[PDB]
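Read the structure below first, then the notes.
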Amino acid sequence: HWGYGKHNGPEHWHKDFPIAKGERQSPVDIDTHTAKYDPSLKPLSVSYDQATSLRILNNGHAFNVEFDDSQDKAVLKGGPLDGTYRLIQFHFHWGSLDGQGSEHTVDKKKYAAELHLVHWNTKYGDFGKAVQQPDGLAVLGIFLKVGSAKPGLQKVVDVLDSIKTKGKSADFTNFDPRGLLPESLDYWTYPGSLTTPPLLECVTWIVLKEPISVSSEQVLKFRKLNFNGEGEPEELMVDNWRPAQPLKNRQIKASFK
Ligand SMILES: [Zn+2]
């Protein structure tokens, strides 16, 4: 029964998931004055030309855009990574207000929202096995600020009314996640965790420096989603972000000078 509500939010998660107080928890604040440029980091390779989205899902905590991950179709490689990581899903975290919503922060700046593109290391065969490994997942994180509309988001926005409440899904084929990327692939990277329960410490985080812009109208449609199920008391799906956690014995490394 975890959530982001008044009595079950992030500050409670440790009771059911004690790794919430672990050594490698996410998100974190990215201090741009202490992250060091690492010349050994490679350019990010994002190969999403054959990505096959299948469905969109309200899971009660966010919504997931899903992909067919039964072949190397949509892969992340390079960057900080060894090997090949396959796209399984993307989702967002967002605020009640434009001044909050992101999970990572940049010099304490909160963005309006954050997109997570989740990929699993193909050397472990499936997602469920990958999450049990420290190098099992690669999550590409992208900040959202409110300004211009993102035309490539509009397809997502337009389906949300059909998945208002928890448990609802809808066919969502042919969605191109390349339309959610900023121009630059400059990034920061560090080892961390899933940001929702079970909070497993299995993620190489790759957080892009350049945010995307979405319009106030687009974000407003996110904020009409519901955390409840059909026919239950309305609770708007907003503020579904975990705050920054202690960096502990980690370094944040920059791909760029
Ligand atoms: Zn996430």
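Just the heavy atoms: all of them, side chains too, but no hydrogens, waters or symmetry mates, feed the values below. Positions are given from 1, in the same order as the sequence printed here. Numbering of ligands and ligand atoms starts at 1, following listing order.
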Exercise. If you leave out waters, which protein N, O or S atoms are less than 2.8 Å from the Zn ion (ligand 1)?
Worked result: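 Near the Zn ion (ligand 1), below 2.8 Å, one finds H91 NE2, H93 NE2, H116 ND1.
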Problem set entry | Cationic N near anionic O, under 4.0 Å, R55 to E66 |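 Judged by the 4.0 Å cut-off on N to carboxylate O distance, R55 and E66 do form a salt bridge.
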Exercise. Is any side-chain N of the basic residue among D69 and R86 closer than 4.0 Å to the acidic one's carboxylate O?
Worked result: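 No, this pair does not count.
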Exercise. Taking the six-membered ring where the residue is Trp, are the ring centres of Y4 and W13 under 6.0 Å apart?
Worked result: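 Yes - the distance between ring centres of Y4 and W13 falls below the 6.0 Å cut-off.
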Problem set entry | Distance flag, aromatic centroids of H104 and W205, threshold under 6.0 Å |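 That pair passes the under 6.0 Å test.
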Exercise. With a 4.5 Å heavy-atom cut-off, do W94 and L225 have their side chains touching?
Worked result: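 Side chain of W94 against side chain of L225, heavy atoms only: contact under 4.5 Å found.
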Exercise. CZ of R178 to OH of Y48: how many Å apart, nearest 0.5 Å?
Worked result: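 Going from the CZ atom of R178 to the OH atom of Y48 covers 10.5 Å.
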